[PDB]
$ cat start_37.txt   # compact mmCIF, C-alpha atoms and all ligand atoms
# COMPACT_ATOMS: atom_id res chain seq x y z
CA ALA C 1 -28.74 0.57 -10.26
CA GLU C 2 -30.91 3.21 -11.89
CA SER C 3 -34.26 4.89 -11.45
CA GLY C 4 -37.06 2.39 -10.85
CA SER C 5 -34.78 -0.57 -10.28
CA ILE C 6 -35.26 -3.08 -7.51
CA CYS C 7 -32.29 -4.66 -5.71
CA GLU C 8 -33.25 -7.95 -4.08
CA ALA C 9 -32.20 -8.61 -0.50
CA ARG C 10 -28.66 -10.02 -0.29
CA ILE C 11 -25.99 -11.09 2.17
CA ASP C 12 -22.48 -9.71 2.37
CA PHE C 13 -20.66 -12.85 3.51
CA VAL C 14 -21.61 -16.02 5.38
CA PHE C 15 -19.94 -16.96 8.68
CA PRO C 16 -18.94 -20.57 7.85
CA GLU C 17 -19.45 -23.57 10.14
CA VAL C 18 -16.99 -23.61 13.05
CA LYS C 19 -15.77 -26.96 14.41
CA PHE C 20 -14.41 -26.59 17.95
CA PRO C 21 -11.46 -28.87 18.79
CA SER C 22 -12.23 -32.26 20.37
CA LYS C 23 -10.73 -33.06 23.78
CA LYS C 24 -8.04 -35.04 21.96
CA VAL C 25 -6.19 -31.75 21.42
CA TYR C 26 -5.87 -30.96 25.12
CA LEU C 27 -4.76 -34.52 25.72
CA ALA C 28 -2.17 -34.67 22.90
CA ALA C 29 -0.75 -31.19 23.58
CA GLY C 30 -1.18 -30.68 27.32
CA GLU C 31 -1.85 -27.41 29.14
CA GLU C 32 1.75 -26.24 29.20
CA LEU C 33 2.21 -26.42 25.42
CA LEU C 34 -1.17 -24.80 24.81
CA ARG C 35 -0.21 -21.84 27.05
CA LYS C 36 3.21 -21.59 25.40
CA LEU C 37 1.49 -21.62 21.98
CA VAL C 38 -0.62 -18.59 22.87
CA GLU C 39 2.38 -16.74 24.30
CA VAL C 40 4.34 -17.28 21.09
CA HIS C 41 1.36 -16.27 18.95
CA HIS C 42 1.22 -13.08 20.99
CA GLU C 43 4.94 -12.52 20.45
CA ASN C 44 4.48 -13.01 16.73
CA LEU C 45 1.63 -10.53 16.76
CA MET C 46 3.71 -7.89 18.50
CA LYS C 47 6.20 -8.26 15.65
CA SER C 48 3.52 -8.17 12.96
CA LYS C 49 2.16 -5.33 10.86
CA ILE C 50 -0.88 -5.34 13.16
CA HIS C 51 1.09 -4.74 16.37
CA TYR C 52 -0.79 -1.44 16.88
CA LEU C 53 -4.09 -3.23 17.58
CA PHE C 54 -2.68 -4.65 20.76
CA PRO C 55 -2.49 -2.83 24.07
CA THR C 56 1.20 -2.22 24.65
CA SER C 57 1.81 -2.10 28.40
CA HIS C 58 3.18 -5.05 30.33
CA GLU C 59 0.24 -5.30 32.74
CA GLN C 60 -2.30 -4.89 29.97
CA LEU C 61 -0.90 -7.55 27.69
CA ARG C 62 0.10 -9.97 30.43
CA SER C 63 -3.54 -10.15 31.45
CA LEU C 64 -4.60 -10.44 27.81
CA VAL C 65 -2.29 -13.37 27.10
CA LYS C 66 -3.47 -15.10 30.27
CA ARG C 67 -7.11 -14.72 29.19
CA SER C 68 -6.52 -16.00 25.65
CA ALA C 69 -4.54 -18.93 27.03
CA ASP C 70 -7.35 -19.86 29.44
CA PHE C 71 -9.75 -19.72 26.48
CA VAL C 72 -7.58 -21.96 24.27
CA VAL C 73 -6.90 -24.47 27.07
CA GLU C 74 -10.61 -24.73 27.90
CA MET C 75 -11.81 -24.91 24.29
CA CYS C 76 -9.32 -27.67 23.45
CA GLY C 77 -10.94 -29.65 26.26
CA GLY C 78 -8.97 -28.63 29.33
CA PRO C 79 -10.32 -27.19 32.61
CA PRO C 80 -12.85 -24.27 32.36
CA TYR C 81 -10.30 -21.57 33.25
CA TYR C 82 -12.05 -19.09 30.96
CA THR C 83 -15.75 -19.44 31.71
CA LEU C 84 -15.02 -19.60 35.43
CA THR C 85 -13.24 -16.26 35.19
CA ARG C 86 -14.70 -14.32 32.23
CA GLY C 87 -17.91 -16.25 31.73
CA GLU C 88 -19.59 -16.48 28.32
CA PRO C 89 -17.13 -16.17 25.44
CA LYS C 90 -19.27 -13.99 23.15
CA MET C 91 -16.07 -13.54 21.14
CA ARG C 92 -17.28 -11.50 18.14
CA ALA C 93 -18.80 -8.99 20.57
CA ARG C 94 -15.67 -8.89 22.68
CA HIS C 95 -13.77 -7.90 19.54
CA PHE C 96 -16.04 -4.96 18.53
CA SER C 97 -13.80 -2.50 20.41
CA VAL C 98 -10.91 -3.29 18.04
CA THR C 99 -10.98 -2.60 14.30
CA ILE C 100 -10.50 -5.96 12.56
CA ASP C 101 -10.55 -6.02 8.74
CA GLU C 102 -9.93 -8.98 6.39
CA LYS C 103 -6.15 -8.38 6.16
CA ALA C 104 -5.92 -8.20 9.97
CA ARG C 105 -7.41 -11.70 10.23
CA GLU C 106 -5.00 -13.06 7.61
CA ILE C 107 -2.00 -11.69 9.53
CA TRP C 108 -3.41 -13.01 12.81
CA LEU C 109 -3.71 -16.42 11.14
CA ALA C 110 -0.23 -16.29 9.62
CA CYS C 111 1.25 -15.43 13.05
CA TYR C 112 -0.59 -18.45 14.48
CA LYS C 113 0.69 -20.77 11.74
CA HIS C 114 4.19 -19.69 12.65
CA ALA C 115 3.60 -20.16 16.39
CA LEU C 116 2.16 -23.65 15.78
CA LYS C 117 5.40 -24.61 14.06
CA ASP C 118 7.70 -22.80 16.47
CA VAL C 119 6.31 -24.64 19.49
CA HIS C 120 6.21 -28.03 17.73
CA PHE C 121 2.46 -28.50 18.12
CA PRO C 122 1.84 -32.25 17.70
CA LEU C 123 1.11 -32.96 14.03
CA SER C 124 -1.68 -35.40 14.93
CA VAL C 125 -3.98 -32.68 16.29
CA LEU C 126 -2.72 -29.76 14.23
CA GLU C 127 -5.52 -29.82 11.65
CA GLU C 128 -8.20 -29.90 14.34
CA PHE C 129 -6.67 -26.82 15.91
CA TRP C 130 -6.12 -25.01 12.61
CA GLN C 131 -9.60 -25.57 11.18
CA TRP C 132 -11.01 -24.15 14.42
CA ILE C 133 -9.16 -20.84 14.39
CA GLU C 134 -9.30 -20.52 10.59
CA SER C 135 -13.09 -20.53 10.60
CA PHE C 136 -13.72 -18.96 14.00
CA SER C 137 -11.48 -15.96 13.21
CA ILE C 138 -13.86 -15.01 10.36
CA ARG C 139 -16.50 -14.06 12.95
CA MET C 140 -14.21 -11.45 14.50
CA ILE C 141 -14.05 -9.43 11.28
CA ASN C 142 -15.89 -6.17 11.95
CA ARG C 143 -14.50 -3.81 9.26
CA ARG C 144 -15.24 -4.74 5.63
CA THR C 145 -13.01 -3.32 2.87
CA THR C 146 -13.93 -5.59 -0.01
CA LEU C 147 -17.00 -7.14 -1.61
CA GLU C 148 -15.11 -10.46 -1.71
CA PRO C 149 -15.71 -13.02 1.05
CA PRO C 150 -12.92 -13.46 3.59
CA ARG C 151 -10.16 -15.81 2.40
CA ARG C 152 -10.46 -19.48 3.32
CA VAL C 153 -7.19 -21.26 4.12
CA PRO C 154 -7.78 -25.01 4.42
CA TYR C 155 -5.20 -27.09 6.29
CA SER C 156 -4.25 -28.74 2.98
CA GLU C 157 -2.87 -25.38 1.82
CA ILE C 158 -0.46 -25.04 4.75
CA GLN C 159 0.31 -28.57 5.93
CA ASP C 160 3.57 -28.82 3.95
CA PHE C 161 4.81 -25.94 6.08
CA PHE C 162 4.83 -28.15 9.17
CA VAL C 163 6.76 -31.04 7.67
CA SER C 164 9.46 -28.77 6.25
CA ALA U 1 -19.81 -23.21 22.18
CA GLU U 2 -17.35 -25.61 23.83
CA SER U 3 -14.86 -28.39 23.11
CA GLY U 4 -16.36 -30.52 20.35
CA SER U 5 -19.06 -27.95 19.66
CA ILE U 6 -20.07 -27.19 16.07
CA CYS U 7 -21.34 -23.63 15.56
CA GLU U 8 -23.27 -23.85 12.30
CA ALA U 9 -22.97 -21.34 9.48
CA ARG U 10 -24.82 -18.05 9.96
CA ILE U 11 -25.09 -14.56 8.51
CA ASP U 12 -24.54 -11.29 10.40
CA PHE U 13 -27.30 -9.13 8.86
CA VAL U 14 -29.18 -9.14 5.54
CA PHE U 15 -29.12 -6.24 3.08
CA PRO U 16 -32.89 -5.84 2.72
CA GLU U 17 -34.52 -5.17 -0.65
CA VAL U 18 -33.89 -1.68 -2.07
CA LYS U 19 -36.51 0.09 -4.18
CA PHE U 20 -34.93 2.87 -6.24
CA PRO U 21 -37.19 5.91 -6.87
CA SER U 22 -39.33 6.01 -10.02
CA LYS U 23 -38.84 8.88 -12.47
CA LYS U 24 -41.89 10.49 -10.88
CA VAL U 25 -39.58 11.82 -8.18
CA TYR U 26 -37.55 13.88 -10.67
CA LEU U 27 -40.78 14.94 -12.36
CA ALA U 28 -42.31 16.16 -9.08
CA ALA U 29 -39.21 17.74 -7.55
CA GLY U 30 -37.13 19.00 -10.46
CA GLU U 31 -33.35 19.12 -10.72
CA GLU U 32 -32.95 22.38 -8.76
CA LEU U 33 -34.79 21.10 -5.69
CA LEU U 34 -32.92 17.79 -5.71
CA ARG U 35 -29.60 19.62 -5.77
CA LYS U 36 -30.73 21.90 -2.93
CA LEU U 37 -31.90 18.88 -0.92
CA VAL U 38 -28.44 17.36 -1.21
CA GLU U 39 -26.80 20.68 -0.38
CA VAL U 40 -28.97 21.05 2.73
CA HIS U 41 -28.41 17.42 3.75
CA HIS U 42 -24.69 18.15 3.71
CA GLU U 43 -25.11 21.34 5.76
CA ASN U 44 -26.88 19.17 8.35
CA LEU U 45 -24.12 16.54 8.19
CA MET U 46 -21.47 19.19 8.95
CA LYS U 47 -23.37 20.17 12.09
CA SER U 48 -23.80 16.56 13.20
CA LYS U 49 -21.80 14.09 15.28
CA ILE U 50 -20.31 12.52 12.14
CA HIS U 51 -18.96 15.86 10.90
CA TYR U 52 -15.44 14.45 11.27
CA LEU U 53 -16.02 12.03 8.39
CA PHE U 54 -16.43 14.81 5.83
CA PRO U 55 -14.09 17.29 4.19
CA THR U 56 -13.27 20.62 5.74
CA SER U 57 -11.44 21.87 2.65
CA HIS U 58 -13.87 23.93 0.56
CA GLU U 59 -12.81 22.56 -2.82
CA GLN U 60 -13.08 18.91 -1.69
CA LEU U 61 -16.41 19.70 -0.05
CA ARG U 62 -17.81 21.20 -3.27
CA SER U 63 -16.56 18.23 -5.28
CA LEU U 64 -18.33 15.71 -3.04
CA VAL U 65 -21.59 17.68 -2.79
CA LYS U 66 -21.61 17.80 -6.59
CA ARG U 67 -21.08 14.05 -6.99
CA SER U 68 -23.86 13.26 -4.51
CA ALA U 69 -26.23 15.70 -6.17
CA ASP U 70 -25.44 14.28 -9.62
CA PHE U 71 -26.09 10.79 -8.21
CA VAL U 72 -29.41 11.78 -6.59
CA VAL U 73 -30.66 13.64 -9.66
CA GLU U 74 -29.81 10.68 -11.90
CA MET U 75 -31.23 8.04 -9.59
CA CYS U 76 -34.48 9.96 -9.26
CA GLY U 77 -34.89 9.84 -13.04
CA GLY U 78 -33.04 12.95 -14.16
CA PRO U 79 -30.22 13.15 -16.72
CA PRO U 80 -27.32 10.70 -16.19
CA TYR U 81 -24.99 13.25 -14.58
CA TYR U 82 -23.30 10.67 -12.33
CA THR U 83 -22.66 7.80 -14.73
CA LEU U 84 -21.28 10.29 -17.30
CA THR U 85 -18.78 11.55 -14.75
CA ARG U 86 -17.92 9.22 -11.86
CA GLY U 87 -19.27 6.22 -13.77
CA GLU U 88 -20.70 3.06 -12.22
CA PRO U 89 -22.28 3.59 -8.80
CA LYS U 90 -20.86 0.60 -6.89
CA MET U 91 -21.86 2.59 -3.84
CA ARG U 92 -21.00 0.09 -1.12
CA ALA U 93 -17.53 -0.32 -2.60
CA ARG U 94 -16.98 3.42 -3.03
CA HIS U 95 -17.91 3.84 0.64
CA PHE U 96 -15.21 1.44 1.91
CA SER U 97 -13.06 4.64 1.89
CA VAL U 98 -14.85 5.82 5.03
CA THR U 99 -15.62 4.02 8.27
CA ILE U 100 -19.40 3.77 8.59
CA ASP U 101 -20.96 2.09 11.61
CA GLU U 102 -24.62 1.61 12.55
CA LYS U 103 -24.86 4.93 14.40
CA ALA U 104 -23.27 6.83 11.50
CA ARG U 105 -26.05 5.57 9.23
CA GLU U 106 -28.69 6.62 11.78
CA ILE U 107 -27.23 10.11 12.00
CA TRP U 108 -26.85 10.38 8.20
CA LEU U 109 -30.54 9.41 7.93
CA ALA U 110 -31.76 11.87 10.59
CA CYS U 111 -29.90 14.60 8.75
CA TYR U 112 -31.75 13.58 5.59
CA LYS U 113 -35.15 13.53 7.32
CA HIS U 114 -34.56 17.14 8.36
CA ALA U 115 -33.28 18.19 4.92
CA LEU U 116 -36.37 16.68 3.27
CA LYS U 117 -38.64 18.76 5.50
CA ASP U 118 -36.41 21.84 5.37
CA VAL U 119 -36.63 22.08 1.57
CA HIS U 120 -40.33 21.13 1.37
CA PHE U 121 -39.74 18.02 -0.73
CA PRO U 122 -43.06 17.34 -2.52
CA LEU U 123 -45.35 15.26 -0.32
CA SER U 124 -46.39 13.02 -3.23
CA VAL U 125 -42.93 11.45 -3.59
CA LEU U 126 -41.47 11.87 -0.12
CA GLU U 127 -42.15 8.29 0.93
CA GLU U 128 -40.66 6.89 -2.29
CA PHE U 129 -37.44 8.86 -1.69
CA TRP U 130 -37.26 7.97 2.01
CA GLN U 131 -37.72 4.24 1.54
CA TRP U 132 -34.94 4.32 -1.03
CA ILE U 133 -32.30 5.91 1.21
CA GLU U 134 -33.49 4.17 4.41
CA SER U 135 -32.86 0.79 2.82
CA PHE U 136 -29.98 1.60 0.46
CA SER U 137 -28.04 3.16 3.34
CA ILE U 138 -27.91 -0.21 5.10
CA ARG U 139 -25.48 -1.49 2.43
CA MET U 140 -23.01 1.31 3.13
CA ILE U 141 -22.39 0.07 6.69
CA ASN U 142 -18.87 -1.37 6.82
CA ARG U 143 -18.05 -1.24 10.54
CA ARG U 144 -20.11 -3.45 12.85
CA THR U 145 -20.26 -2.63 16.57
CA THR U 146 -23.23 -4.74 17.72
CA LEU U 147 -24.83 -8.12 17.08
CA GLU U 148 -28.20 -6.43 16.50
CA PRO U 149 -29.28 -5.72 12.92
CA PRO U 150 -29.22 -2.12 11.61
CA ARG U 151 -32.34 -0.24 12.68
CA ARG U 152 -35.25 -0.04 10.24
CA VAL U 153 -36.99 3.33 9.97
CA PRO U 154 -40.25 2.82 8.06
CA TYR U 155 -41.93 5.94 6.70
CA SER U 156 -44.81 5.39 9.13
CA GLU U 157 -42.53 6.11 12.09
CA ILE U 158 -41.67 9.55 10.74
CA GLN U 159 -44.61 10.53 8.52
CA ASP U 160 -46.18 12.84 11.10
CA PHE U 161 -42.93 14.80 11.38
CA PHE U 162 -43.11 15.95 7.76
CA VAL U 163 -46.60 17.33 8.13
CA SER U 164 -45.84 19.06 11.38
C1 LIG O 1 -9.45 -12.30 13.66
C2 LIG O 1 -8.35 -11.72 14.05
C3 LIG O 1 -8.17 -11.29 15.45
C4 LIG O 1 -7.48 -10.09 15.92
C5 LIG O 1 -6.80 -9.02 15.15
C6 LIG O 1 -7.65 -10.23 17.38
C7 LIG O 1 -7.12 -9.26 18.34
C8 LIG O 1 -7.51 -9.07 19.74
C9 LIG O 1 -7.20 -7.85 20.50
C10 LIG O 1 -6.48 -6.63 20.02
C11 LIG O 1 -7.78 -8.13 21.81
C12 LIG O 1 -7.80 -7.28 23.05
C13 LIG O 1 -9.07 -6.45 23.17
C14 LIG O 1 -8.89 -5.50 24.34
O1 LIG O 1 -7.74 -5.15 24.66
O2 LIG O 1 -9.90 -5.09 24.94
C15 LIG O 1 -8.31 -9.49 21.63
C16 LIG O 1 -9.02 -10.21 22.68
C17 LIG O 1 -9.21 -11.66 22.77
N1 LIG O 1 -9.16 -12.43 21.69
FE1 LIG O 1 -8.76 -11.86 19.73
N2 LIG O 1 -8.33 -11.31 17.78
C18 LIG O 1 -8.63 -11.97 16.67
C19 LIG O 1 -9.40 -13.22 16.69
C20 LIG O 1 -9.54 -14.15 17.82
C21 LIG O 1 -9.94 -15.56 17.67
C22 LIG O 1 -10.26 -16.33 16.44
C23 LIG O 1 -9.93 -16.00 19.06
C24 LIG O 1 -10.22 -17.32 19.62
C25 LIG O 1 -10.09 -18.40 18.88
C26 LIG O 1 -9.54 -14.82 19.83
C27 LIG O 1 -9.40 -14.83 21.28
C28 LIG O 1 -9.40 -13.66 22.16
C29 LIG O 1 -9.64 -13.74 23.62
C30 LIG O 1 -9.92 -14.96 24.44
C31 LIG O 1 -9.51 -12.35 24.04
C32 LIG O 1 -9.66 -11.77 25.40
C33 LIG O 1 -11.15 -11.74 25.66
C34 LIG O 1 -11.45 -11.35 27.07
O3 LIG O 1 -10.91 -10.33 27.52
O4 LIG O 1 -12.21 -12.07 27.72
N3 LIG O 1 -9.32 -13.75 19.07
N4 LIG O 1 -8.15 -10.00 20.41
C1 LIG O 2 -25.04 5.49 5.42
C2 LIG O 2 -24.19 6.41 5.87
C3 LIG O 2 -23.32 7.21 4.88
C4 LIG O 2 -22.24 7.93 5.22
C5 LIG O 2 -21.69 8.10 6.65
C6 LIG O 2 -21.71 8.53 4.00
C7 LIG O 2 -20.60 9.36 3.89
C8 LIG O 2 -19.89 9.62 2.74
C9 LIG O 2 -18.53 10.14 2.66
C10 LIG O 2 -17.68 10.48 3.90
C11 LIG O 2 -18.19 10.26 1.36
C12 LIG O 2 -16.83 10.76 0.78
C13 LIG O 2 -15.87 9.55 0.75
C14 LIG O 2 -14.49 9.80 0.18
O1 LIG O 2 -14.34 10.44 -0.90
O2 LIG O 2 -13.48 9.35 0.79
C15 LIG O 2 -19.35 9.83 0.58
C16 LIG O 2 -19.45 9.79 -0.79
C17 LIG O 2 -20.62 9.62 -1.50
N1 LIG O 2 -21.85 9.26 -0.97
FE1 LIG O 2 -22.17 8.60 0.99
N2 LIG O 2 -22.53 8.13 2.96
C18 LIG O 2 -23.53 7.32 3.44
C19 LIG O 2 -24.53 6.74 2.65
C20 LIG O 2 -24.81 7.11 1.35
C21 LIG O 2 -25.98 6.75 0.56
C22 LIG O 2 -27.13 5.84 1.02
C23 LIG O 2 -25.85 7.32 -0.66
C24 LIG O 2 -26.83 7.26 -1.85
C25 LIG O 2 -28.12 6.91 -1.69
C26 LIG O 2 -24.61 8.08 -0.68
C27 LIG O 2 -24.13 8.82 -1.74
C28 LIG O 2 -22.82 9.16 -1.96
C29 LIG O 2 -22.21 9.48 -3.24
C30 LIG O 2 -22.87 9.53 -4.64
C31 LIG O 2 -20.76 9.79 -2.93
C32 LIG O 2 -19.65 10.17 -3.94
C33 LIG O 2 -19.13 8.86 -4.54
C34 LIG O 2 -18.05 9.21 -5.53
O3 LIG O 2 -16.95 9.62 -5.09
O4 LIG O 2 -18.29 9.09 -6.76
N3 LIG O 2 -24.02 7.93 0.56
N4 LIG O 2 -20.35 9.46 1.45
$ encode --input "start_37.txt" --output "structure tokens"
Amino acid sequence: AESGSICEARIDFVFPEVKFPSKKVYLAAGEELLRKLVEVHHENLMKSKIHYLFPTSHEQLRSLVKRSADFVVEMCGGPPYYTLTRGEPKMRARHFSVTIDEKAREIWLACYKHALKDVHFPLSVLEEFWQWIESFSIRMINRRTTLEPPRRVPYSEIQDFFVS
Amino acid sequence: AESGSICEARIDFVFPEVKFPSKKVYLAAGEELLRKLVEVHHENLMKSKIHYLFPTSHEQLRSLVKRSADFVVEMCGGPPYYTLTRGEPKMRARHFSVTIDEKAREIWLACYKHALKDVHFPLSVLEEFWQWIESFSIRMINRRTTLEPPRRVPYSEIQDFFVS
């Protein structure tokens, strides 16, 4: 960068392909486990270093957990609890009101990995679920703090955690 | 986006090409005027809706105005005041230290439009300078709050303003 120079157009980071879970996940896990999963993720979050991002206030966060759970149940192939009640996901946009940097996503993911184990999510559909949130979560990042692309964490990296 | 769906890869917004000013800018304006331009731009910034982002302490304020003026003088073709002191520009990275959303860039730009007129920046190189900051400023944005791309402000939209 100096006088006269030309900087070509460039992109910061690409939002990778997102594979939504097949209906096998809803069938293997069932609605009750899915809802419990989200509740435990939320509990993990409230104990995490990003607890401050989350409305504290029983009514506030009881409605939030319910919403997230409806979203997860529907997207894993259950009934349309979410779109019948909130409509179009438009998730990135819904997250604009909260500051989400790269570290925030990693902690959100780590809390989810722990919840997946804590609730004994069936191993057979675990990768389908993981690869969904691992990639989808990248699109919620709205505060950049590095030139590096957001970290990828493939199931292969964490699978040993679920058999130990 | 639903169970089984595959959202393909995508980018948020492109950093468009940036044309840095030719040395003609420094030749036409001179070091004094470029430093006054930066000084005035900062006076405007302190009176603007992003005033909170900038220092209140007089010593810190002087330091930053100096760095920006050194950068502008150098980048317009003057002596290398910035690289000799602060070193490599890496401007996007240096700006991670402050939260900059789309509106912040718009306000920073409108403050610059007024400064440029206020100090009677030479008409021969005004467009060259404007197109540099209008595009370069896009790469400073590190907080996204909309799905829309950052607003483009071509010189043609504002050219009448400079001439009355
Ligand atoms: C990337 C890290 C993420 C963080 C830190 C995060 C945090 C949050 C916070 C703080 C809210 C509440 C916003 C409010 O109170 O208005 C929220 C809303 C929500 N989040 Fe996330 N989130 C993340 C990613 C995701 C991902 C990947 C999904 C889905 C797979 C998701 C699903 C939801 C849903 C369904 C809601 C409620 C939306 C509604 O009200 O309709 N989030 N999130
Ligand atoms: C787009 C909206 C922008 C905003 C809101 C903004 C604001 C700021 C702030 C708050 C600082 C001090 C940061 C700190 O020390 O913590 C700073 C530093 C600086 N800004 Fe910007 N800026 C913007 C764009 C630009 C552009 C486009 C340029 C150059 C064309 C620029 C040139 C500089 C320079 C040279 C510094 C000093 C860097 C150093 O410490 O060496 N800024 N800016």
$ interface_residues --input "start_37.txt" --of "chain C" --to "chain U" --cutoff "6 Å" --atoms "only C-alpha atoms" --output "PyMOL selection string"
chain C and resi 2-11+14-22+75-77+96+142-145
$ atom_distance --input "start_37.txt" --atom1 "CA of residue 119 (chain C)" --atom2 "CA of residue 85 (chain C)"
26.4 Å
$ closest_atom_pairs --input "start_37.txt" --of "chain C" --to "ligand LIG 1 (chain O)" --cutoff "6 Å" --atoms "only C-alpha atoms and all ligand atoms" --output "JSON lines"
{"residue": "C:53", "atom": "CA", "partner": "O:LIG1", "partner_atom": "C10", "distance": 4.8}
{"residue": "C:54", "atom": "CA", "partner": "O:LIG1", "partner_atom": "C10", "distance": 4.3}
{"residue": "C:55", "atom": "CA", "partner": "O:LIG1", "partner_atom": "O1", "distance": 5.8}
{"residue": "C:64", "atom": "CA", "partner": "O:LIG1", "partner_atom": "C32", "distance": 5.8}
{"residue": "C:67", "atom": "CA", "partner": "O:LIG1", "partner_atom": "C32", "distance": 5.4}
{"residue": "C:68", "atom": "CA", "partner": "O:LIG1", "partner_atom": "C30", "distance": 3.8}
{"residue": "C:71", "atom": "CA", "partner": "O:LIG1", "partner_atom": "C30", "distance": 5.2}
{"residue": "C:86", "atom": "CA", "partner": "O:LIG1", "partner_atom": "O4", "distance": 5.6}
{"residue": "C:98", "atom": "CA", "partner": "O:LIG1", "partner_atom": "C10", "distance": 5.9}
{"residue": "C:100", "atom": "CA", "partner": "O:LIG1", "partner_atom": "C5", "distance": 5.5}
{"residue": "C:104", "atom": "CA", "partner": "O:LIG1", "partner_atom": "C5", "distance": 5.3}
{"residue": "C:105", "atom": "CA", "partner": "O:LIG1", "partner_atom": "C2", "distance": 3.9}
{"residue": "C:108", "atom": "CA", "partner": "O:LIG1", "partner_atom": "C2", "distance": 5.3}
{"residue": "C:133", "atom": "CA", "partner": "O:LIG1", "partner_atom": "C22", "distance": 5.1}
{"residue": "C:136", "atom": "CA", "partner": "O:LIG1", "partner_atom": "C22", "distance": 5.0}
{"residue": "C:137", "atom": "CA", "partner": "O:LIG1", "partner_atom": "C22", "distance": 3.5}
{"residue": "C:140", "atom": "CA", "partner": "O:LIG1", "partner_atom": "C1", "distance": 4.9}
{"residue": "C:141", "atom": "CA", "partner": "O:LIG1", "partner_atom": "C1", "distance": 5.9}
$ write_last_selection --input "start_37.txt" --atoms "C-alpha atoms" --output "PDB file, keeping the file's coordinate frame"
ATOM      1  CA  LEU C  53      -4.090  -3.230  17.580  1.00  0.00           C
ATOM      2  CA  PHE C  54      -2.680  -4.650  20.760  1.00  0.00           C
ATOM      3  CA  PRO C  55      -2.490  -2.830  24.070  1.00  0.00           C
ATOM      4  CA  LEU C  64      -4.600 -10.440  27.810  1.00  0.00           C
ATOM      5  CA  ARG C  67      -7.110 -14.720  29.190  1.00  0.00           C
ATOM      6  CA  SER C  68      -6.520 -16.000  25.650  1.00  0.00           C
ATOM      7  CA  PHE C  71      -9.750 -19.720  26.480  1.00  0.00           C
ATOM      8  CA  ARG C  86     -14.700 -14.320  32.230  1.00  0.00           C
ATOM      9  CA  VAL C  98     -10.910  -3.290  18.040  1.00  0.00           C
ATOM     10  CA  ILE C 100     -10.500  -5.960  12.560  1.00  0.00           C
ATOM     11  CA  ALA C 104      -5.920  -8.200   9.970  1.00  0.00           C
ATOM     12  CA  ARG C 105      -7.410 -11.700  10.230  1.00  0.00           C
ATOM     13  CA  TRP C 108      -3.410 -13.010  12.810  1.00  0.00           C
ATOM     14  CA  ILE C 133      -9.160 -20.840  14.390  1.00  0.00           C
ATOM     15  CA  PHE C 136     -13.720 -18.960  14.000  1.00  0.00           C
ATOM     16  CA  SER C 137     -11.480 -15.960  13.210  1.00  0.00           C
ATOM     17  CA  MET C 140     -14.210 -11.450  14.500  1.00  0.00           C
ATOM     18  CA  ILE C 141     -14.050  -9.430  11.280  1.00  0.00           C
TER      19      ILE C 141
END
$ atom_distance --input "start_37.txt" --atom1 "atom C29 of ligand LIG 2 (chain O)" --atom2 "CA of residue 156 (chain U)"
26.1 Å
$ axis_aligned_box --input "start_37.txt" --around "ligand LIG 2 (chain O)" --padding-each-side "4 Å" --output "lines of an AutoDock Vina configuration file"
center_x = -20.8
center_y = 8.1
center_z = -0.1
size_x = 22.6
size_y = 13.3
size_z = 21.4
$ atom_distance --input "start_37.txt" --atom1 "CA of residue 115 (chain C)" --atom2 "CA of residue 41 (chain C)"
5.2 Å
$ residues_around --input "start_37.txt" --residues "residue 159 (chain U)" --least-positions-apart "2" --cutoff "12 Å" --atoms "all atoms listed in the file" --output "MDAnalysis selection string"
chainID U and resid 113 116:117 123 126:127 130:131 153:157 161:164
$ closest_residue --input "start_37.txt" --among "C:65, C:125, C:45, C:138" --to "residue 110 (chain C)" --atoms "only C-alpha atoms"
C:45
$ closest_residue --input "start_37.txt" --among "U:111, U:46, U:69, U:34" --to "ligand LIG 2 (chain O)" --atoms "only C-alpha atoms and all ligand atoms"
U:69
$ build_atoms --input "start_37.txt" --residues "region 103-110 of chain C" --atoms "N, CA and C atoms" --output "CSV table (one decimal), in the coordinates of the input"
chain,number,residue,atom,x,y,z
C,103,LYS,N,-7.6,-8.2,6.1
C,103,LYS,CA,-6.2,-8.4,6.2
C,103,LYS,C,-5.7,-8.7,7.6
C,104,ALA,N,-6.2,-8.0,8.6
C,104,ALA,CA,-5.9,-8.2,10.0
C,104,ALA,C,-6.1,-9.7,10.3
C,105,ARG,N,-7.2,-10.3,10.0
C,105,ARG,CA,-7.4,-11.7,10.2
C,105,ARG,C,-6.3,-12.5,9.5
C,106,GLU,N,-6.0,-12.2,8.3
C,106,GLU,CA,-5.0,-13.1,7.6
C,106,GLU,C,-3.6,-13.0,8.3
C,107,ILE,N,-3.3,-11.9,8.8
C,107,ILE,CA,-2.0,-11.7,9.5
C,107,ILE,C,-2.0,-12.4,10.9
C,108,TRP,N,-3.2,-12.3,11.5
C,108,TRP,CA,-3.4,-13.0,12.8
C,108,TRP,C,-3.3,-14.5,12.6
C,109,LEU,N,-3.8,-15.0,11.5
C,109,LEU,CA,-3.7,-16.4,11.1
C,109,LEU,C,-2.3,-16.8,10.8
C,110,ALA,N,-1.6,-16.0,10.0
C,110,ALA,CA,-0.2,-16.3,9.6
C,110,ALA,C,0.6,-16.4,10.9
